[PDB]
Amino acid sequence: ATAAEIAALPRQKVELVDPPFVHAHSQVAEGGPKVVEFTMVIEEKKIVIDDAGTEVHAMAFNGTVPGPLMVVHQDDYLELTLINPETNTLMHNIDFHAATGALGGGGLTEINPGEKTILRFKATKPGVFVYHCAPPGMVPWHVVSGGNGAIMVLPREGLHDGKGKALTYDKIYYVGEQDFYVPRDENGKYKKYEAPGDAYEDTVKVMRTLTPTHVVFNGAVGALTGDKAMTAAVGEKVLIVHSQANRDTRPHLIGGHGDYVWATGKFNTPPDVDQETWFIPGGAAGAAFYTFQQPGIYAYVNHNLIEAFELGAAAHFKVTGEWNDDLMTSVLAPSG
């Protein structure tokens, strides 16, 4: 497609929503290829990542950790306006794993405080894909400070299973998983810093242990629990997109399954089925499709259970509806 051809394509401006929600889209593409426009301001901000009050200086695309999910269709163009406000102290950029060239866009989007840039790429491959910050020489520090999210490049025809049957979800959630490396004092208590750069040396030491102090969903321990639990109903079809930009994870729906799981995240790779626990390598996104059959509380976890229940990587689903005794029943309740 020539420059003139692309200029004639229709533009749609998308308003992003905060994870774990996803902006309005259609599963099946409406019309021909479009240039889909997004804007994100990068915020360097203090975030609290557990109930004790532990804080991190985060790099937060659109002001959240993870950054928001951008959704386009195959052969659309994604056109991102990225802004680094003058209140920030560091240079930032963006690497789209969905994109082709210039280190995923990273080499073309280095913006100092008070600068902006507009990057356009053709989303040639269908799937979910990580994006993250990657300033040369400081790449892992920015990513494990929360500077990451994902996009979904839907097939123009929507999702299908491995054999041509249409899969249509009723709702979608995006779970970004973040490994944090928080320095401690000699008493074992987490340290606080005045500016991001003050934490650098101490944080690099922790990073080198390859052992996160915290592993969280949506930026904090318990962020997707309580009144922030994800919800569904018996019979409802849900797609769960999960990303990890730096470190392996193994998602599991406690009480459910992944009926179809694109564990590599790429829709031209047929999904695994009937999954108990799937595996997403660091630097990737995956997606899992499930139809709820039972009501009640579910936990969605990284099934290294230490990571889930000691380090923070557990969310809840609240599910409404009628219990199915054929699928499961307590023949004898706990009794003497």
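All residue numbers are counted from 1 along the displayed sequence.
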{"item": "Stretch with the greater mean C-alpha B-factor as recorded in the entry, comparing 217 to 225 against 157 to 165", "value": "157 to 165"}
{"item": "Of 75 to 83 and 245 to 253, the one with larger mean CA B-factor", "value": "75 to 83"}
{"item": "Top Cα B factor in the deposited entry, candidates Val273, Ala285, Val301, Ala52", "value": "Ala52"}
{"item": "Given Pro68, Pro295, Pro33, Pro281, the residue at which the Cα B factor reaches its maximum", "value": "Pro33"}
{"item": "Within-chain third of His142 by Cα B-factor, per the entry", "value": "middle"}
{"item": "Ranked C-alpha temperature factor of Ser26 among modelled chain residues, by third", "value": "highest"}
{"item": "Cα B factor band for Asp95 (lowest, middle or highest third within the chain)", "value": "middle"}
{"item": "Position of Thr291 among the chain's modelled residues by C-alpha B-factor, lowest, middle or highest third", "value": "lowest"}
{"item": "Position of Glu37 among the chain's modelled residues by C-alpha B-factor, lowest, middle or highest third", "value": "highest"}
